[PDB]
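Everything on this sheet refers to the single structure shown next.
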Amino acid sequence: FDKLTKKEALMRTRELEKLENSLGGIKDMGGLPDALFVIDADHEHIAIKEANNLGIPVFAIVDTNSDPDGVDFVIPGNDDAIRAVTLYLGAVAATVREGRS
Amino acid sequence: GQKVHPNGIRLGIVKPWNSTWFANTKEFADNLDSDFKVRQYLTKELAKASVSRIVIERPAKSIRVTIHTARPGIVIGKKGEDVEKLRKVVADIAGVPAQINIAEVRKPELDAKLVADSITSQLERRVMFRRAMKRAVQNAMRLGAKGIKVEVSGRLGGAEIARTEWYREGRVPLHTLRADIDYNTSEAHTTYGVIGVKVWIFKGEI
Amino acid sequence: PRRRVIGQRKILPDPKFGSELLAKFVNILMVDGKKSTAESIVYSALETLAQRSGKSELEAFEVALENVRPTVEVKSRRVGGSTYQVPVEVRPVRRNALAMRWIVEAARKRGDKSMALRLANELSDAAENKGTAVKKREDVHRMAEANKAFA
RNA sequence: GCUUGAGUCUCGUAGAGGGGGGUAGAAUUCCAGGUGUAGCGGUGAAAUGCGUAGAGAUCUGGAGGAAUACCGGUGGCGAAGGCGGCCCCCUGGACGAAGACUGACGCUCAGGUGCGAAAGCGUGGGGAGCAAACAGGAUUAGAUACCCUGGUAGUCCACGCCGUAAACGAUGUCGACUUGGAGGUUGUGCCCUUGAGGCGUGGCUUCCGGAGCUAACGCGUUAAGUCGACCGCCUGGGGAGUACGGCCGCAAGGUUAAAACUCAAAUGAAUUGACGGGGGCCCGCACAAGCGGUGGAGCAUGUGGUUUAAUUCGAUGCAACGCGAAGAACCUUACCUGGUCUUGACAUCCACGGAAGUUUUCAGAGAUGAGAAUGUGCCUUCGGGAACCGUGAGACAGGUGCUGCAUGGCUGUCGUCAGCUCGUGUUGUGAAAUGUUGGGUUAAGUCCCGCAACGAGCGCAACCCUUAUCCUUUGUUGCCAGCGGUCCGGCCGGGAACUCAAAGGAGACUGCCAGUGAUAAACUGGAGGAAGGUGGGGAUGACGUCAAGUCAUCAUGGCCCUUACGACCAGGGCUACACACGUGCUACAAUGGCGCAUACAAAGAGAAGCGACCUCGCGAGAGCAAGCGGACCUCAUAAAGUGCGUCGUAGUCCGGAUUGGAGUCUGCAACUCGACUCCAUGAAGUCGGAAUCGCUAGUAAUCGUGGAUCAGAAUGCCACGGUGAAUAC
């Protein structure tokens, strides 16, 4: 990392900031996933459109502006309240981490 | 007509010279023309042998011709009568006591002289050009070859107008001077006229 | 000048009087890259100017050049599809640059013997502002005075 | 029969709905009068026009006609055309609230009838402004136009006609159903009206959008969606909505409405590009700011034309025109005129003879012919082979012959412009789109940020050469600071410091600081430093464009000549000259000319070569001839500069063309047709018309020097240094 240049090393590190914040969570996936859980249906219509394109079950918290496009499991909720999405993701992350164990 | 020859702009940078003798002005033309005769002869009489380069050097009144070829066995032959025959006639041409060596070009599909001679041979066996070019790019990219571009041109498939139709795969950084671009060129004398085959092979960045 | 705003290069001052003003005057007078010849002409001409007027060297030069500096000059616009000759205020460096160009040009026009006499007589004719460069200044000022209606 | 369709009644509401009549205020024009004075008006600029007979400006009074600022609003009303001050009279429709009544009375509609902008027509008025026609002025090549100054019908009123418009939401009428959002306008009901509120419920209307539809564009509860009723109309473009006939009309014309013939398209919407005298942003000696040129003169050289026996061929807007050609006396040379050869000048394979080779003579322009020696250079049951030369048949050889529009290769150019694409994904029926656009920034699709894109390639940048500073090494032929003497010259001993030479390193990256900026990219400024922001210069020229250039460098498909379009030779030509153009040189001078003295370079070349010194010649040069294949010797003195003297504004002591004479050198050979020298001659030219070109800093300008080609021939080309600007708003 310190090898041969300072400027290009800085360039490369900020490539790790850009590739790290864009491809953050998905970097250890190694497949395309078996479900999709979106937190806003109209703000993230692209991901819903692709998971419908590929046959992936979409789990969306829609709001009253959103559209149940191809969301297989719609949830009428509130997309932009932090209390609501921390309660909401708290429940979802609670039920994910029960496999057969 | 606008690109520099990508061997000539790399002559002191990465590529070497195919003649490496020193000579003063009295014998520079004579040594040079003697090199035209030994490369002309030795190119004609090894047409089947798939010869890549022939490097001349003159250490003190004696020639030292090195034949970079892909099939060294057909150059040497059953016990090397063909080699001693060739140095006999090269000693006839240059007028000096001749030595001769054979360097084996392994990986012959990464050498542009051999690729252009291959595609040229296929074009004068009347095969379609897209197969020759496309096969050449595929099997050259298969072994190393960080880039390759082939470019045939001129009345292709026996037309009445002349096209080019080049192909390339990978990276061929031709303005970069530290790029090891192996470029060479052949001509295919078909029954419709000449078809020009150029091929650039990018091997490495230094 | 399309993009590039520029600096300016610094000229060496005059080797006799330390005057960058007069150094630019010997550069305006110089032809064919011959600077020695031009500074000989300027030293001879201003030396006889200082001897004639009796003042001093570069205040006789500064008076004779103060009478030929333009105030405002005309300038073409071509904005509304028409040719206007608008009057515009001259910058000081351009002011004395035009002064020297008119003195030198009018001195090349004269019919005396040597260039030092043509230019010594031209600066002397500009000291009481009756020469040719003052007619160039009055001509410029008639153009900018006639066309005053554009500002 | 019945009321949910249609209609009637009651009460209100809003409205440029219509028709008739009246009135008001601003303004324009005209008339009369006061003041007042030299212009007014008009245009891109002008002129026609009005004006000292008093205009325009200004004030007062009057007349007359038309239109009705502000309100004024994708506001309203009307079936549509359309309707805009205010008031009255007559009058049509719409909508709303509750209730009552009739009881299917409804919807559409061919023919028919009515209404129907504007222009136009008829009769009679009116006539301020505006304005077809018209006239004048300009503009222009012309200008029956646009622009200007006037100006009649007309526009206005009454009555009649016409009967059409892009009469258009290019969307027939009536009814039903089908997600939404924001408004506007006009009613009405309910609730603390606790205000310019809250909740509903109708009528009309505007914008955006969902499903759906649509070729797409778009339409989208006011449908171009989903249906039903009735009507109108369409059937390729042109001919042609024309001709003939009918009906209507005062007429203009309107309406209904063909055919022959002719084309293979015409068309719609959208896509990519190109273009625009469309818009936004940006660049380059593009313009501007400057300096010096070209076009004028003489000469050099190239071209067009003309000439010629031939004036070889090629290149022709930019990107042909000292271009191919880095060098035509013969050669080169391809052309012309003659003289000649035919397996050939150049090949390969045969068969025979002879080693080849070397000095001779005659004829002719050379090669063909005639002789004398030398011939065995090494092997062959000899029938020959190595090398070379004649002879004979050939298969062939040969072609700078044609086609660059059959090709390769190489090149120019847009342009060192910043662009050109691809894979995967997505969007669109699709051509294609996205990425590549957008906010900043950059020299730069540079870099950041954003974003249905994620990435990648060619290009940009960097790596390369050179230049600018320092260090290390080595120190000759190169250098001489300190030493010693010195023929005072690095000259010698010597010194390796320094210049320098050449190899290896360091160095410059927005690295540091301050400020501005999305805390990002970056920009502006500062320090240090030889250098500061791609430091200067070069090399490097993306995908493609011009069926650009070359078949004559070469290679090459096809065609063509093969006793000739091949080959050899001598002489000629490519150098011709009424002319025209391009690119240069030298000038027109005093910032100079001439004479004398004197200072400071860099880069190169050199053996069939560069050629010192010395002697001779006024000079070009000649003779003898060292040294050097070269940091050593030679080319080789740099010149502008400077210091003196002279010339004195003259076609002159400018300028050197042209021409006569006399020569030197190279080369078989300077006549056509070299270069240079000496003496003499001494044109044109006094700063160049329209127009046009180059240059942004060691630049332009100006001054010399070298080299390639080359026996000799540069004012060209390619390099090198000296002095050294102006200007950029």
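All residue names refer to the structure tokens as shown: chains lettered A, B, ... in order, residues numbered from 1 in each chain, ligands numbered from 1 in order.
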Using only C-alpha atoms (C1' of nucleotides), which residues sit within 10 Å of region 3-7 of chain C once same-chain residues fewer than 5 positions away are excluded, as JSON, numbers by chain? {"D": [282, 283, 728]}
Residues of chain B no more than 6 Å from chain D, counting only C-alpha atoms (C1' of nucleotides): send them over as a list in words. residues 1, 160, 178, 192, 193, 194 and 196 of chain B
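Of the residues under consideration (C:68, C:49, C:63, C:116), C:116 shows the shortest atom-to-atom contact distance to chain D when counting only C-alpha atoms (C1' of nucleotides).
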With a distance threshold of 10 Å and counting only C-alpha atoms (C1' of nucleotides), extract the residues of chain C near chain D and express them as a PyMOL selection string. chain C and resi 1-6+9+24+26-38+40-41+76+80-83+88+90-91+94+97+101+111-116
Which residues of chain D come within 10 Å of chain A, and what is each one's closest atom pair and distance in Å (one decimal), counting only C-alpha atoms (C1' of nucleotides), sorted by chain and residue number, as a tab-separated table?
```
residue	atom	partner	partner_atom	distance
D:426	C1'	A:50	CA	9.5
D:452	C1'	A:46	CA	7.9
D:509	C1'	A:7	CA	8.4
```
Output the selection as a PDB file, in the first residue's frame - N, CA and C atoms (P, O5', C5', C4', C3', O3' and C1' of nucleotides) for each residue.
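part_36.pdb was written with the following content:
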```
ATOM      1  P     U D 426     -31.864  -6.864 -18.395  1.00  0.00           P
ATOM      2  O5'   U D 426     -32.443  -5.382 -18.436  1.00  0.00           O
ATOM      3  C5'   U D 426     -32.886  -4.790 -17.263  1.00  0.00           C
ATOM      4  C4'   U D 426     -32.983  -3.302 -17.403  1.00  0.00           C
ATOM      5  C3'   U D 426     -33.985  -2.782 -18.377  1.00  0.00           C
ATOM      6  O3'   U D 426     -35.299  -2.725 -17.865  1.00  0.00           O
ATOM      7  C1'   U D 426     -31.958  -1.664 -18.724  1.00  0.00           C
ATOM      8  P     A D 452     -30.697   6.491 -10.455  1.00  0.00           P
ATOM      9  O5'   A D 452     -30.104   5.541 -11.585  1.00  0.00           O
ATOM     10  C5'   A D 452     -30.869   5.274 -12.768  1.00  0.00           C
ATOM     11  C4'   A D 452     -29.974   4.678 -13.813  1.00  0.00           C
ATOM     12  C3'   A D 452     -30.387   4.985 -15.257  1.00  0.00           C
ATOM     13  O3'   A D 452     -29.196   5.065 -16.086  1.00  0.00           O
ATOM     14  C1'   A D 452     -30.327   2.662 -14.969  1.00  0.00           C
ATOM     15  P     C D 509       6.804  16.618 -12.153  1.00  0.00           P
ATOM     16  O5'   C D 509       5.554  17.053 -11.283  1.00  0.00           O
ATOM     17  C5'   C D 509       4.353  16.273 -11.332  1.00  0.00           C
ATOM     18  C4'   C D 509       3.998  15.746  -9.951  1.00  0.00           C
ATOM     19  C3'   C D 509       2.870  16.490  -9.222  1.00  0.00           C
ATOM     20  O3'   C D 509       1.593  16.093  -9.685  1.00  0.00           O
ATOM     21  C1'   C D 509       4.648  16.011  -7.728  1.00  0.00           C
TER      22        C D 509
END
```
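The coordinates place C1' of residue 219 (chain D) at 24.6 Å from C1' of residue 231 (chain D).
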Would you please extract all helix (DSSP H, G or I) residues from region 100-174 of chain B, as assigned by DSSP on the backbone, and give them as a PyMOL selection string? chain B and resi 108-110+112-123+129-142
Please produce a file of those selected residues containing N, CA and C atoms, as an mmCIF file, in the first residue's frame.
```cif
data_model
loop_
_atom_site.group_PDB
_atom_site.id
_atom_site.type_symbol
_atom_site.label_atom_id
_atom_site.label_comp_id
_atom_site.auth_asym_id
_atom_site.auth_seq_id
_atom_site.Cartn_x
_atom_site.Cartn_y
_atom_site.Cartn_z
ATOM 1 N N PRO B 108 4.459 -19.940 -30.694
ATOM 2 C CA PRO B 108 4.520 -19.226 -31.964
ATOM 3 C C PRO B 108 3.283 -18.419 -32.304
ATOM 4 N N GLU B 109 2.186 -18.567 -31.573
ATOM 5 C CA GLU B 109 1.011 -17.757 -31.871
ATOM 6 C C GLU B 109 1.057 -16.411 -31.168
ATOM 7 N N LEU B 110 2.088 -16.168 -30.371
ATOM 8 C CA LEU B 110 2.330 -14.815 -29.850
ATOM 9 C C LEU B 110 3.348 -13.993 -30.619
ATOM 10 N N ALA B 112 4.225 -11.868 -34.030
ATOM 11 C CA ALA B 112 3.400 -11.235 -35.049
ATOM 12 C C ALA B 112 3.832 -11.619 -36.477
ATOM 13 N N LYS B 113 5.105 -11.952 -36.674
ATOM 14 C CA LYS B 113 5.528 -12.404 -37.968
ATOM 15 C C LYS B 113 4.864 -13.739 -38.294
ATOM 16 N N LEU B 114 4.766 -14.601 -37.284
ATOM 17 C CA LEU B 114 4.189 -15.923 -37.479
ATOM 18 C C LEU B 114 2.671 -15.873 -37.592
ATOM 19 N N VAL B 115 2.060 -14.926 -36.887
ATOM 20 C CA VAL B 115 0.630 -14.747 -36.996
ATOM 21 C C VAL B 115 0.266 -14.168 -38.380
ATOM 22 N N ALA B 116 0.978 -13.145 -38.828
ATOM 23 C CA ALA B 116 0.691 -12.550 -40.122
ATOM 24 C C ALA B 116 1.000 -13.501 -41.279
ATOM 25 N N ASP B 117 2.059 -14.295 -41.123
ATOM 26 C CA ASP B 117 2.361 -15.297 -42.111
ATOM 27 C C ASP B 117 1.288 -16.414 -42.092
ATOM 28 N N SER B 118 0.753 -16.726 -40.910
ATOM 29 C CA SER B 118 -0.302 -17.711 -40.798
ATOM 30 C C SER B 118 -1.572 -17.253 -41.519
ATOM 31 N N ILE B 119 -2.046 -16.059 -41.198
ATOM 32 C CA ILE B 119 -3.244 -15.531 -41.776
ATOM 33 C C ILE B 119 -3.035 -15.324 -43.291
ATOM 34 N N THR B 120 -1.845 -14.922 -43.699
ATOM 35 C CA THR B 120 -1.533 -14.756 -45.111
ATOM 36 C C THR B 120 -1.610 -16.101 -45.832
ATOM 37 N N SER B 121 -1.019 -17.153 -45.245
ATOM 38 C CA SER B 121 -1.070 -18.514 -45.830
ATOM 39 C C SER B 121 -2.491 -19.013 -45.977
ATOM 40 N N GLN B 122 -3.319 -18.737 -44.964
ATOM 41 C CA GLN B 122 -4.718 -19.147 -45.012
ATOM 42 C C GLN B 122 -5.490 -18.364 -46.054
ATOM 43 N N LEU B 123 -5.165 -17.100 -46.243
ATOM 44 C CA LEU B 123 -5.843 -16.296 -47.242
ATOM 45 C C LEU B 123 -5.469 -16.706 -48.670
ATOM 46 N N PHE B 129 -11.773 -14.784 -44.488
ATOM 47 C CA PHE B 129 -10.860 -14.011 -43.697
ATOM 48 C C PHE B 129 -11.304 -13.883 -42.257
ATOM 49 N N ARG B 130 -12.614 -13.860 -42.019
ATOM 50 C CA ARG B 130 -13.089 -13.704 -40.662
ATOM 51 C C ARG B 130 -12.698 -14.902 -39.774
ATOM 52 N N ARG B 131 -12.650 -16.111 -40.350
ATOM 53 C CA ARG B 131 -12.134 -17.238 -39.607
ATOM 54 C C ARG B 131 -10.654 -17.084 -39.281
ATOM 55 N N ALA B 132 -9.862 -16.632 -40.241
ATOM 56 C CA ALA B 132 -8.428 -16.571 -40.055
ATOM 57 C C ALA B 132 -8.080 -15.546 -38.986
ATOM 58 N N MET B 133 -8.644 -14.348 -39.145
ATOM 59 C CA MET B 133 -8.451 -13.289 -38.172
ATOM 60 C C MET B 133 -8.954 -13.675 -36.791
ATOM 61 N N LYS B 134 -10.196 -14.122 -36.737
ATOM 62 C CA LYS B 134 -10.858 -14.395 -35.461
ATOM 63 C C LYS B 134 -10.213 -15.557 -34.714
ATOM 64 N N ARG B 135 -9.861 -16.625 -35.433
ATOM 65 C CA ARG B 135 -9.069 -17.719 -34.843
ATOM 66 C C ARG B 135 -7.734 -17.227 -34.340
ATOM 67 N N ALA B 136 -7.082 -16.325 -35.078
ATOM 68 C CA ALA B 136 -5.772 -15.814 -34.667
ATOM 69 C C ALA B 136 -5.858 -14.986 -33.379
ATOM 70 N N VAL B 137 -6.904 -14.195 -33.256
ATOM 71 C CA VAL B 137 -7.094 -13.393 -32.056
ATOM 72 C C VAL B 137 -7.444 -14.299 -30.857
ATOM 73 N N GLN B 138 -8.273 -15.326 -31.085
ATOM 74 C CA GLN B 138 -8.686 -16.199 -29.997
ATOM 75 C C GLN B 138 -7.490 -16.998 -29.487
ATOM 76 N N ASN B 139 -6.765 -17.680 -30.375
ATOM 77 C CA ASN B 139 -5.682 -18.510 -29.896
ATOM 78 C C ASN B 139 -4.478 -17.711 -29.460
ATOM 79 N N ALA B 140 -4.383 -16.467 -29.868
ATOM 80 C CA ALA B 140 -3.296 -15.623 -29.321
ATOM 81 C C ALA B 140 -3.642 -15.091 -27.936
ATOM 82 N N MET B 141 -4.860 -14.617 -27.728
ATOM 83 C CA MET B 141 -5.354 -14.221 -26.371
ATOM 84 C C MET B 141 -5.406 -15.385 -25.387
ATOM 85 N N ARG B 142 -5.471 -16.621 -25.899
ATOM 86 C CA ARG B 142 -5.537 -17.812 -25.052
ATOM 87 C C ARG B 142 -4.273 -17.985 -24.224
#
```
For residue 223 (chain D), find every residue with an atom within 12 Å (counting only C-alpha atoms (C1' of nucleotides)), except residues of its own chain fewer than 3 positions away, and show them as number ranges by chain. D: 171, 178, 212-214, 218-220, 226
Leaving out residue 117 (chain C) and any residue of its chain fewer than 5 positions from it, which residues lie within 12 Å of it when counting only C-alpha atoms (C1' of nucleotides), given as a count of residues only? 20
